[PDB]
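1. Structure for this input, please:
(chains A, B, C, D and E, ligands or ions: 4)
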Amino acid sequence: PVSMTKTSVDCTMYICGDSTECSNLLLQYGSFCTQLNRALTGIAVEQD
Amino acid sequence: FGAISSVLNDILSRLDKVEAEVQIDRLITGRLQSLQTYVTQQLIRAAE
Amino acid sequence: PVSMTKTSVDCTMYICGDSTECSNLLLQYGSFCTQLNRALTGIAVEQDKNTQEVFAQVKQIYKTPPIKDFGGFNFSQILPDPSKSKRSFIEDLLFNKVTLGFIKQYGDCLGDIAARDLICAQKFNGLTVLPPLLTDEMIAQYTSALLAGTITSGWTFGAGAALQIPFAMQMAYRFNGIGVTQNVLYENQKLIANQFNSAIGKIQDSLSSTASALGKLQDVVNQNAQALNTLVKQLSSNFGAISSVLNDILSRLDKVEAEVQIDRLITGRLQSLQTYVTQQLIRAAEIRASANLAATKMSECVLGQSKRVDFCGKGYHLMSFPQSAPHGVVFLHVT
Amino acid sequence: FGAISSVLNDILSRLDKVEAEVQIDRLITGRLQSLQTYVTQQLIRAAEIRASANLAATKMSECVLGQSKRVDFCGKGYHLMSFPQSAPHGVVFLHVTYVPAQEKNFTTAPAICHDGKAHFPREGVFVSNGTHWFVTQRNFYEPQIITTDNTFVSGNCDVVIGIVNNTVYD
Amino acid sequence: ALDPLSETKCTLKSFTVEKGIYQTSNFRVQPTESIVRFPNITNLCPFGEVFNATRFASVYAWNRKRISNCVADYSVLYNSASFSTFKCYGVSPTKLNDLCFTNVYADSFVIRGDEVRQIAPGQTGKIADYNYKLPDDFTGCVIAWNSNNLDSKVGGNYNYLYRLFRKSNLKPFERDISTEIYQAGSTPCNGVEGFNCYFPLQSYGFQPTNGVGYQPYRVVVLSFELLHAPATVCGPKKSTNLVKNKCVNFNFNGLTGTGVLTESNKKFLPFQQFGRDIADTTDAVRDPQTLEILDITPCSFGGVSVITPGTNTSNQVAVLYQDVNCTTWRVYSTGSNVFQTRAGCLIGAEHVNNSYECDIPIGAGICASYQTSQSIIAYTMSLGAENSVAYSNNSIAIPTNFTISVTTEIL
Ligand SMILES: CCCCC/C=C\C/C=C\CCCCCCCC(=O)O
Ligand SMILES: CCCCC/C=C\C/C=C\CCCCCCCC(=O)O
Ligand SMILES: *[C@@H]1O[C@H](CO)[C@@H](O)[C@H](O)[C@H]1NC(C)=O
Ligand SMILES: *[C@@H]1O[C@H](CO)[C@@H](O)[C@H](O)[C@H]1NC(C)=O
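-> Numbers count the residues shown, from 1 in each chain, chains lettered A, B, ... in the order given. Ligands and ions are numbered 1, 2, ... in the order given. Below is the structure in question.
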């Protein structure tokens, strides 16, 4: 094996959906998702 | 995750501004932890 | 890369601060902080073995002779100059390309400097960095010993006692190893020496220009700082509570209404620390792999002559020279 | 984990179903987190163990089933052989190596000059015991006499730096 | 908490400790004094004009008064005032005596008893839909008490009104004094009342024999904010002096905490009172008397390690302070063998001039051991027995013998 599948995640769309009440509440964290996407972007850049 | 439902539209259809926060917070916490676990296991898989 | 940064965390200072109520409430977990610190201590202890394995291959600090007496080659730029951190020219060039545990007194961070320096804001929250056990001067002395053994004894100094041999009579051997006879070397010694010198000069001129070329060693520092600054910023999250400040919770609420809100913050910040430690454990493994590769190159490329293809450089290998950099090592491969 | 007790039978002996679910959910969450941490750490250790196992599998092939030429891979010194032994959760290798013992100093020069033609040793190096000139191998001093079979000729004696003058026989 | 050795014993959870170096808690400094700084206020609040008035308003045209520059010692109500209902939402009742309040408003009106439960967030009734509504993020206190001897007459009191028949529900703190004929059906109305057009106001009866639930109640809603702005209103607490450059517990206008107070060059604006660093923590405040700016700095800062040879050979130890340059005061003890390495101030070990191998690693090339009366010594580590090589120009060394080694490798 030489590579795996690259992925990306929208945390607002997975957690809150189309609701606008959950998004305002999730803003109170706001910095744990960017971490996730940073890690996943590293993985994706490494697989190439 | 310890809430009365797993559908935000079934929660926001019965409970008001304040009685609904205590449940959406549980759902947020749980789904954030799910994403964290996913990313951690993918980080461990990419090293192999 | 050969190493990363060591860290330590007082969890009572990060989570609770100076409040006694929170520190009494935090005894009800009591078993995870010791675990976190166990992990971090394992990392920190591994980070010095990663260096002892690379640079401390030999335990005889060989010295360089006054008059060179080499066949025409010039190691003035890799060998030291006692004038100066008795490093070398190229090593100095390297250290002035990577930016960044030293003493920082409470009298310095006292005032507005705190909350404005990014290193005092950590220490005020229980996060500390630890100095490495080997200083840069020791590492450079090790490197100089390795270089001076390579240059005066060939490879014999890695299989027992060190036997001396002229440099050209050594390059003849290194030639016969790839498939070229001796006469080729004894009959083009001057030209080969000139080409070698010009190659090293081009190296020096490209490293004296204004291109970094050392990103693999800078990204380490950048990641290690970003992690701690992200951790410091993560303290402004409410985690489901009415506020992120314990004193505001304790100035308006009694002993009963306040636990409901302080336990949320405790849990959140404990999870933050858990995540930090997990990611550090995962990066330490990459660093360990790279350190083992470097320790294999220092023995197959510096202490001998490799026959593997594209391991000790691109082409038919002749030799290699080590140099120390911040958190890593650099090899100059002569092919 | 923020509850009134760590024993479910004290929670269930004093509180009803509604008041007790609130307290049991917290314990569930915390213990689940504990197990997740356990499993993550075991996954991170299995990787180290796998790397060590792969290195041992490489050493068995390259040091036992053959003779390695890499430096410091199988032992300290010039490798000869190896022998495996089994130990609890691991393996032990007994590496046999050759190590030089007693050094002696000589003077040397390449490209011997008999008559206008340079001679090179073709295997080994030239040495002198003070007055005579022999050719010998590199890792064990066994001197021989210099003839035209153990050397070869190349060019004339006008370039090499170190060339000396002596007699080669046939 | 007797010494770092006991701390590491309690950490490892054992009465024996193996030799090495361990990390301990950071250097903590404890306070010596307590400081309190409230504004300079002299007069009392109008508890009389509010709670003991002669005519209260109506719930549809409720009244809203302002409170400023006063001292809230509610103990004066304990004499003749008796409150049937008292409920606070964003603050605990046992802390109303230690705070200062920002924008205090008092809303007053009269209702019937069985409607007092409607004065709260999310209640869905006649008084919360058409007459008076409260936010969902209400911070304040609700107070209510019976008035069946003042607001009730012997033949019926019809001077208190409530709004029936509104087209849509009200919003928080929004008033409505309109009197326009309400149309029930779809047929139009032209200011005349019949069979589908009703006057949207009606009056209680408030007789003196009416039963609980039909008896009058007076209500007072107090609204305010906390710990964000000047707060000209304050409670009954007597202040002290100001102690700079010392670790003190403080209470600035209701904000507690502990630290060191120092002068600042920052310049605020006339509508600012706090500093709120990146992490939402205060790092500056304006004194409410001298109007000067002060910084705030924690007292705990450090990093401390313990060197131990083993509790089965000795019980002497050494201590390493990583952020102290003893060449001296931020220490537990001073001892008599200070060294001041580059990794900190080492206290408890004798420095030597020799060079051995590392037994216990410390940092920056320093190591420690248990040498010979036995003590702890600290020194600079060795690197491997300096040697030299004899490269002249034309000499070579050749071996004449060999050895067969046998080494081990565990995996
Ligand atoms: C004029 C209003 C001033 C408002 C000042 C701000 C907050 C004061 C809070 C509560 C004051 C009323 C407390 C009721 C007295 C206790 C009940 C009793 O009497 O037994
Ligand atoms: C006759 C059975 C109808 C049941 C319909 C189902 C749900 C209706 C729910 C609640 C109705 C109660 C009305 C209370 C009136 C508000 C209080 C008041 O101000 O008086
Ligand atoms: C309000 O009026 C009463 C008289 O009934 C009086 O006793 C009381 O002192 C007044 N309230 C306060 C706080 O003084
Ligand atoms: C070689 O070494 C062995 C011991 O290792 C010794 O007994 C023997 O005499 C040596 N041989 C010579 C030629 O000295």
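2. For residue D:41, give me its contacts.
-> residue C:281 (CB atoms under 8 Å, 6 or more residues apart in numbering or on different chains). C-beta coordinates here come from the backbone N, C-alpha and C atoms, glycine included.
3. contacting residues around the residue nearest to residue E:297 when sequence neighbours are not counted?
-> Distances taken as CB to CB, 6 or more residues apart in numbering or on different chains place residue E:260 nearest to residue E:297, at 4.6 Å, with adjacent residues excluded. Residue E:260 makes contact with C:110, E:245, E:246, E:247, E:248, E:296, E:297, E:298, E:299, according to CB under 8 Å, 6+ apart.
4. In chain D, spot the helix with the most residues.
-> If you go by DSSP state H, chain D has its longest helix at helix D:17-59.
5. Burial check on residue E:396, number of neighbours?
-> 20 (other CB atoms under 10 Å in any protein chain shown).
6. brain fart, residue D:71
-> 23.
7. Now it. Nearest residue, chain neighbours left out?
-> residue C:304 (4.1 Å).
8. measure that neighbour to chain E for me?
-> 18 Å (CB to the nearest CB, to the nearest Å).
9. Check which helix or strand that residue maps to.
-> If you go by DSSP states H and E, residue C:304 is not part of any helix or strand.
10. so it makes contact with residue C:157?
-> No. At 10.7 Å, residue C:304 does not count as touching residue C:157 under the criterion of CB atoms under 8 Å.
11. the more surrounded of these two?
-> Legend: neighbour count by other CB under 10 Å for residue C:304 and residue C:157, higher for residue C:157 (24 against 21).
12. quick one, what contacts the closest residue to the more buried one other than its chain neighbours?
-> In space, and not counting its chain neighbours, residue C:157 is closest to residue C:149: 4.3 Å by CB to CB, 6+ apart. Counting by CB under 8 Å, 6+ apart, residue C:149 makes contact with C:58, C:60, C:62, C:157, C:162, E:389.
13. ditto for residue D:141
-> Residue D:141 neighbours (CB under 8 Å, 6+ apart): D:104, D:127, E:398, E:399, E:400.
14. SS state for residue D:13?
-> helix (DSSP: H, G, I helix; E, B strand; the rest coil).
15. let me fix that: residue E:50
-> helix.
16. Is it in contact with residue E:107, as I believe?
-> No. Using CB under 8 Å, residue E:50 is not in contact with residue E:107; the gap is 10.4 Å.
17. Of the two, which one has the most company?
-> With neighbours defined as other CB under 10 Å, residue E:50 and residue E:107 compare such that residue E:107 has more, 20 against 16.
18. tell me the centre residue of the chain?
-> No chain in the question, so chain A it is. residue A:9 (3.8 Å; CA atoms, centre = their mean).
19. To clarify, I was referring to chain D.
-> Short answer for chain D (CA atoms, centre = their mean): residue D:73, at 2.0 Å.
20. is it fair to say that residue lies in a strand?
-> No. Going by three-state DSSP, the assignment for residue D:73 is coil, not a strand.
21. Provide a list of residues in contact with residue D:107.
-> D:127, D:128, E:394, E:395, E:396.
22. And for it, nearest residue in space, chain neighbours not counted?
-> Residue D:107's closest residue in space is residue D:128 (CB to CB, 6+ apart), at 5.1 Å.
23. try residue D:121
-> Going by CB to CB, 6+ apart, residue D:121 has residue D:135 as its nearest residue, at 5.0 Å.
24. Pretty sure the one you found sits in a strand.
-> Yes. Counting by three-state DSSP, residue D:135 falls inside a strand.
25. Correct me if wrong: the residue nearest to residue D:107 contacts residue D:108.
-> Yes. In this structure residue D:128 lies within contact range of residue D:108 using CB under 8 Å: 7.1 Å.
26. so what sits against both of residue E:50 and residue E:107?
-> residue E:220.
27. Pull the number of nearby residues for residue E:281.
-> 22.
28. any idea what it is structurally, helix, strand or coil?
-> coil.
29. Can you tell me how far it is from ligand 1?
-> Residue E:281 is 27 Å from ligand 1, where distance means CB to the nearest ligand atom, to the nearest Å.
30. The stretch 301-411 of chain E: strands as residue ranges?
-> E:304-308, E:318-321, E:345-347, E:350-351, E:360-363, E:366-369, E:377-380, E:387-388, E:395-399, E:402-410 (DSSP state E, counting those that start in this stretch).
31. Let's have those strands in TSV, adding distance to residue E:279.
-> Compiled in TSV, the strands of the stretch 301-411 of chain E are given as follows (distance: least, CB to CB, whole Å):
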stretch	distance to residue E:279
strand E:304-308	24
strand E:318-321	26
strand E:345-347	30
strand E:350-351	41
strand E:360-363	30
strand E:366-369	35
strand E:377-380	38
strand E:387-388	55
strand E:395-399	66
strand E:402-410	48
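32. So for residue E:99, which of these sits nearest?
-> With CB to CB, the closest approach to residue E:99 among the strands of the stretch 301-411 of chain E belongs to strand E:304-308: 37.8 Å.
33. That closest one - contacts with which helices or strands?
-> The contact analysis (3 or more CB pairs under 8 Å, 6 or more residues apart in numbering or on different chains; DSSP states H and E) places strand E:304-308 against helix E:4-12, strand E:20-23, strand E:318-321.
34. In chain D, which residue sits nearest ligand 1?
-> The minimum distance from chain D to ligand 1, using CB to the nearest ligand atom, falls at residue D:19 (30.2 Å).
35. okay, now that residue: neighbour count?
-> 11.
36. For residue D:3, see how far away it is.
-> 11 Å (CB to CB, to the nearest Å).
37. and residue D:26, what is it in contact with?
-> Residue D:26 touches D:1, D:2, D:3, counting by CB under 8 Å, 6+ apart.
38. swap in residue E:94?
-> Here residue E:94 is in contact with residue C:254 (criterion: CB under 8 Å, 6+ apart).
39. do residue D:125 as well
-> C:169, D:108, D:110, D:135, D:136, D:138, E:396.
40. Save these as TSV, and put in distance to residue E:74 too.
-> Below are the contacts of residue D:125 laid out as TSV (distance: CB to CB, whole Å):
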residue	distance to residue E:74
C:169	101
D:108	106
D:110	108
D:135	112
D:136	109
D:138	102
E:396	102
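41. re earlier: select only the buried ones of the contacts of residue D:107 in ChimeraX?
-> If you want just the buried ones from the contacts of residue D:107 in ChimeraX, going by 16 or more other CB atoms under 10 Å in any protein chain shown, the selection is:
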select /D:127,128 /E:396
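42. Among the contacts of residue D:107, pick out the one closest to residue D:47, please.
-> Taking these together and measuring to residue D:47 by CB to CB, the closest member is residue E:396, at 48.0 Å.
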